[PDB]
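query_30.pdb, holding PDB, C-alpha atoms:
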ATOM      1  CA  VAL A   1       0.000   0.000   0.000  1.00  0.00           C
ATOM      2  CA  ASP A   2       1.115   3.584  -0.677  1.00  0.00           C
ATOM      3  CA  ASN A   3      -1.548   5.603  -2.511  1.00  0.00           C
ATOM      4  CA  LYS A   4      -5.024   5.181  -4.018  1.00  0.00           C
ATOM      5  CA  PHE A   5      -3.300   5.445  -7.383  1.00  0.00           C
ATOM      6  CA  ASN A   6      -2.989   1.721  -7.958  1.00  0.00           C
ATOM      7  CA  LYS A   7      -6.636   1.067  -7.132  1.00  0.00           C
ATOM      8  CA  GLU A   8      -7.689   3.915  -9.400  1.00  0.00           C
ATOM      9  CA  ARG A   9      -5.162   2.689 -11.929  1.00  0.00           C
ATOM     10  CA  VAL A  10      -6.241  -0.979 -11.807  1.00  0.00           C
ATOM     11  CA  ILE A  11      -9.712   0.008 -12.638  1.00  0.00           C
ATOM     12  CA  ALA A  12      -8.526   2.532 -15.180  1.00  0.00           C
ATOM     13  CA  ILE A  13      -5.675   0.542 -16.713  1.00  0.00           C
ATOM     14  CA  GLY A  14      -8.125  -2.290 -16.877  1.00  0.00           C
ATOM     15  CA  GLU A  15     -10.615   0.035 -18.577  1.00  0.00           C
ATOM     16  CA  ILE A  16      -8.031   1.479 -20.941  1.00  0.00           C
ATOM     17  CA  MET A  17      -6.223  -1.795 -21.651  1.00  0.00           C
ATOM     18  CA  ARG A  18      -9.623  -3.137 -22.785  1.00  0.00           C
ATOM     19  CA  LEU A  19      -9.692  -0.598 -25.620  1.00  0.00           C
ATOM     20  CA  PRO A  20      -9.288  -2.801 -28.772  1.00  0.00           C
ATOM     21  CA  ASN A  21      -8.664   0.180 -31.095  1.00  0.00           C
ATOM     22  CA  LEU A  22      -5.905   2.226 -29.488  1.00  0.00           C
ATOM     23  CA  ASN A  23      -2.299   1.375 -30.125  1.00  0.00           C
ATOM     24  CA  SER A  24      -0.314   0.105 -27.199  1.00  0.00           C
ATOM     25  CA  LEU A  25       1.301   3.549 -27.015  1.00  0.00           C
ATOM     26  CA  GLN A  26      -2.042   5.264 -26.630  1.00  0.00           C
ATOM     27  CA  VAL A  27      -3.142   2.474 -24.390  1.00  0.00           C
ATOM     28  CA  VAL A  28       0.059   3.064 -22.481  1.00  0.00           C
ATOM     29  CA  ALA A  29      -0.310   6.791 -22.872  1.00  0.00           C
ATOM     30  CA  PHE A  30      -3.262   6.365 -20.704  1.00  0.00           C
ATOM     31  CA  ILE A  31      -1.330   4.267 -18.236  1.00  0.00           C
ATOM     32  CA  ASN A  32       0.882   7.314 -18.131  1.00  0.00           C
ATOM     33  CA  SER A  33      -2.042   9.709 -17.759  1.00  0.00           C
ATOM     34  CA  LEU A  34      -3.295   7.766 -14.703  1.00  0.00           C
ATOM     35  CA  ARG A  35      -0.073   8.430 -12.782  1.00  0.00           C
ATOM     36  CA  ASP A  36       0.053  11.933 -14.187  1.00  0.00           C
ATOM     37  CA  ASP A  37      -3.433  12.183 -12.700  1.00  0.00           C
ATOM     38  CA  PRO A  38      -5.215   9.279 -10.872  1.00  0.00           C
ATOM     39  CA  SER A  39      -8.161  11.555 -10.098  1.00  0.00           C
ATOM     40  CA  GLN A  40      -8.588  11.835 -13.848  1.00  0.00           C
ATOM     41  CA  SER A  41      -8.037   8.089 -14.302  1.00  0.00           C
ATOM     42  CA  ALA A  42     -11.810   8.086 -14.694  1.00  0.00           C
ATOM     43  CA  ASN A  43     -11.621  10.810 -17.334  1.00  0.00           C
ATOM     44  CA  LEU A  44      -8.804   9.052 -19.009  1.00  0.00           C
ATOM     45  CA  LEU A  45     -10.759   5.969 -19.992  1.00  0.00           C
ATOM     46  CA  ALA A  46     -13.352   8.535 -20.964  1.00  0.00           C
ATOM     47  CA  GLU A  47     -10.686  10.032 -23.155  1.00  0.00           C
ATOM     48  CA  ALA A  48      -9.412   6.610 -24.058  1.00  0.00           C
ATOM     49  CA  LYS A  49     -12.871   5.376 -24.928  1.00  0.00           C
ATOM     50  CA  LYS A  50     -13.173   8.576 -26.963  1.00  0.00           C
ATOM     51  CA  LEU A  51      -9.720   7.838 -28.386  1.00  0.00           C
ATOM     52  CA  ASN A  52     -10.606   4.251 -29.086  1.00  0.00           C
ATOM     53  CA  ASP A  53     -13.671   5.388 -30.913  1.00  0.00           C
ATOM     54  CA  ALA A  54     -11.955   8.449 -32.440  1.00  0.00           C
ATOM     55  CA  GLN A  55      -8.829   6.788 -33.745  1.00  0.00           C
ATOM     56  CA  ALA A  56     -10.197   3.397 -34.576  1.00  0.00           C
ATOM     57  CA  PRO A  57      -6.661   2.324 -35.709  1.00  0.00           C
ATOM     58  CA  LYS A  58      -7.474  -0.455 -38.186  1.00  0.00           C
TER      59      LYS A  58
END
Step by step, read the file and then write its structure as C-alpha coordinates.
Amino acid sequence: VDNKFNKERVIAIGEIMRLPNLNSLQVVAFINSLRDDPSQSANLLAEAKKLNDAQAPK
(Lines of atoms letter the chains of each structure in order from A and count residues from 1; the text may use other names and numbers.)
(Lines give C-alpha, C1' and ligand atoms only; values in the text may rest on other atoms or scores of the structure.)
Protein backbone atom coordinates (compact mmCIF):
# COMPACT_ATOMS: atom_id res chain seq x y z
CA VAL A 1 0.00 0.00 0.00
CA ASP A 2 1.11 3.58 -0.68
CA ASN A 3 -1.55 5.60 -2.51
CA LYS A 4 -5.02 5.18 -4.02
CA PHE A 5 -3.30 5.45 -7.38
CA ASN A 6 -2.99 1.72 -7.96
CA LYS A 7 -6.64 1.07 -7.13
CA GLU A 8 -7.69 3.92 -9.40
CA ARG A 9 -5.16 2.69 -11.93
CA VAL A 10 -6.24 -0.98 -11.81
CA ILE A 11 -9.71 0.01 -12.64
CA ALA A 12 -8.53 2.53 -15.18
CA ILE A 13 -5.67 0.54 -16.71
CA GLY A 14 -8.13 -2.29 -16.88
CA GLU A 15 -10.62 0.04 -18.58
CA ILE A 16 -8.03 1.48 -20.94
CA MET A 17 -6.22 -1.80 -21.65
CA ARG A 18 -9.62 -3.14 -22.78
CA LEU A 19 -9.69 -0.60 -25.62
CA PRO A 20 -9.29 -2.80 -28.77
CA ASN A 21 -8.66 0.18 -31.09
CA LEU A 22 -5.90 2.23 -29.49
CA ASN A 23 -2.30 1.38 -30.13
CA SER A 24 -0.31 0.10 -27.20
CA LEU A 25 1.30 3.55 -27.01
CA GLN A 26 -2.04 5.26 -26.63
CA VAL A 27 -3.14 2.47 -24.39
CA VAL A 28 0.06 3.06 -22.48
CA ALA A 29 -0.31 6.79 -22.87
CA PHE A 30 -3.26 6.36 -20.70
CA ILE A 31 -1.33 4.27 -18.24
CA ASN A 32 0.88 7.31 -18.13
CA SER A 33 -2.04 9.71 -17.76
CA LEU A 34 -3.29 7.77 -14.70
CA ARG A 35 -0.07 8.43 -12.78
CA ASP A 36 0.05 11.93 -14.19
CA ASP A 37 -3.43 12.18 -12.70
CA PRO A 38 -5.22 9.28 -10.87
CA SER A 39 -8.16 11.56 -10.10
CA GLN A 40 -8.59 11.84 -13.85
CA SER A 41 -8.04 8.09 -14.30
CA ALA A 42 -11.81 8.09 -14.69
CA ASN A 43 -11.62 10.81 -17.33
CA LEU A 44 -8.80 9.05 -19.01
CA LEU A 45 -10.76 5.97 -19.99
CA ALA A 46 -13.35 8.53 -20.96
CA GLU A 47 -10.69 10.03 -23.16
CA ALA A 48 -9.41 6.61 -24.06
CA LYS A 49 -12.87 5.38 -24.93
CA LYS A 50 -13.17 8.58 -26.96
CA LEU A 51 -9.72 7.84 -28.39
CA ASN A 52 -10.61 4.25 -29.09
CA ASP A 53 -13.67 5.39 -30.91
CA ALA A 54 -11.95 8.45 -32.44
CA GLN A 55 -8.83 6.79 -33.75
CA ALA A 56 -10.20 3.40 -34.58
CA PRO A 57 -6.66 2.32 -35.71
CA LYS A 58 -7.47 -0.45 -38.19
Hey, can I get the axis-aligned box for stretch 33-42 of chain A? All listed atoms, 3 Å padding on each side, centre and edge lengths in Å to one decimal, as lines of an AutoDock Vina configuration file.
center_x = -5.9
center_y = 10.0
center_z = -13.9
size_x = 17.9
size_y = 10.4
size_z = 13.7
Inset, instruction - Identify the residues around (-5.5, 8.1, -15.4) within a radius of 12 Å, measuring from all atoms listed in the file in the coordinates stated by the file, and give them as a PyMOL selection string. - result: chain A and resi 4-17+27-48
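Computed from the coordinates, the atom CA of residue A:1 to atom CA of residue A:25 distance equals 27.3 Å.
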Legend entry - Residue neighbourhood residue A:21, 7 Å, only C-alpha atoms, exclusion window fewer than 2 positions, as a PyMOL selection string: chain A and resi 19+23+52+56-57
Please rebuild stretch 9-35 of chain A with N, CA and C atoms and return the result as a CSV table (one decimal), keeping the file's coordinate frame.
chain,number,residue,atom,x,y,z
A,9,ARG,N,-5.9,3.1,-10.7
A,9,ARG,CA,-5.2,2.7,-11.9
A,9,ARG,C,-5.6,1.3,-12.4
A,10,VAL,N,-5.9,0.4,-11.4
A,10,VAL,CA,-6.2,-1.0,-11.8
A,10,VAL,C,-7.5,-0.9,-12.6
A,11,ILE,N,-8.4,-0.2,-12.1
A,11,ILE,CA,-9.7,0.0,-12.6
A,11,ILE,C,-9.6,0.7,-14.0
A,12,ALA,N,-8.8,1.7,-14.0
A,12,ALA,CA,-8.5,2.5,-15.2
A,12,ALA,C,-7.7,1.8,-16.2
A,13,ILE,N,-6.5,1.2,-15.8
A,13,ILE,CA,-5.7,0.5,-16.7
A,13,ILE,C,-6.5,-0.6,-17.3
A,14,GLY,N,-7.3,-1.2,-16.5
A,14,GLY,CA,-8.1,-2.3,-16.9
A,14,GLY,C,-9.1,-1.8,-17.9
A,15,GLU,N,-9.6,-0.6,-17.7
A,15,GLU,CA,-10.6,0.0,-18.6
A,15,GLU,C,-9.9,0.4,-19.9
A,16,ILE,N,-8.8,1.0,-19.8
A,16,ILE,CA,-8.0,1.5,-20.9
A,16,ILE,C,-7.4,0.3,-21.7
A,17,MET,N,-6.9,-0.6,-21.0
A,17,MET,CA,-6.2,-1.8,-21.7
A,17,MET,C,-7.3,-2.6,-22.4
A,18,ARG,N,-8.5,-2.4,-22.1
A,18,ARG,CA,-9.6,-3.1,-22.8
A,18,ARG,C,-9.8,-2.6,-24.2
A,19,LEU,N,-9.6,-1.3,-24.3
A,19,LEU,CA,-9.7,-0.6,-25.6
A,19,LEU,C,-9.0,-1.4,-26.8
A,20,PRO,N,-9.8,-2.0,-27.6
A,20,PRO,CA,-9.3,-2.8,-28.8
A,20,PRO,C,-8.8,-2.0,-30.0
A,21,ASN,N,-9.1,-0.7,-30.0
A,21,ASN,CA,-8.7,0.2,-31.1
A,21,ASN,C,-7.3,0.8,-30.9
A,22,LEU,N,-7.2,1.6,-29.8
A,22,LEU,CA,-5.9,2.2,-29.5
A,22,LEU,C,-4.7,1.4,-29.7
A,23,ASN,N,-3.6,2.0,-30.0
A,23,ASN,CA,-2.3,1.4,-30.1
A,23,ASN,C,-1.7,1.3,-28.7
A,24,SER,N,-0.9,0.3,-28.5
A,24,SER,CA,-0.3,0.1,-27.2
A,24,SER,C,0.2,1.4,-26.6
A,25,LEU,N,0.8,2.3,-27.5
A,25,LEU,CA,1.3,3.5,-27.0
A,25,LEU,C,0.2,4.4,-26.4
A,26,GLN,N,-0.9,4.5,-27.1
A,26,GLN,CA,-2.0,5.3,-26.6
A,26,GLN,C,-2.6,4.6,-25.4
A,27,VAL,N,-2.7,3.3,-25.5
A,27,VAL,CA,-3.1,2.5,-24.4
A,27,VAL,C,-2.2,2.7,-23.2
A,28,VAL,N,-1.0,2.8,-23.5
A,28,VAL,CA,0.1,3.1,-22.5
A,28,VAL,C,0.0,4.5,-22.1
A,29,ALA,N,-0.3,5.4,-23.1
A,29,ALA,CA,-0.3,6.8,-22.9
A,29,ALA,C,-1.3,7.1,-21.7
A,30,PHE,N,-2.3,6.3,-21.7
A,30,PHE,CA,-3.3,6.4,-20.7
A,30,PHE,C,-2.7,5.9,-19.4
A,31,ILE,N,-1.9,4.8,-19.5
A,31,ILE,CA,-1.3,4.3,-18.2
A,31,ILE,C,-0.6,5.4,-17.6
A,32,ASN,N,0.1,6.2,-18.5
A,32,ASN,CA,0.9,7.3,-18.1
A,32,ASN,C,0.0,8.5,-17.6
A,33,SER,N,-1.2,8.6,-18.2
A,33,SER,CA,-2.0,9.7,-17.8
A,33,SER,C,-2.6,9.4,-16.3
A,34,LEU,N,-2.8,8.1,-16.0
A,34,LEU,CA,-3.3,7.8,-14.7
A,34,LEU,C,-2.4,8.2,-13.6
A,35,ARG,N,-1.1,8.0,-13.8
A,35,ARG,CA,-0.1,8.4,-12.8
A,35,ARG,C,0.1,9.9,-12.8
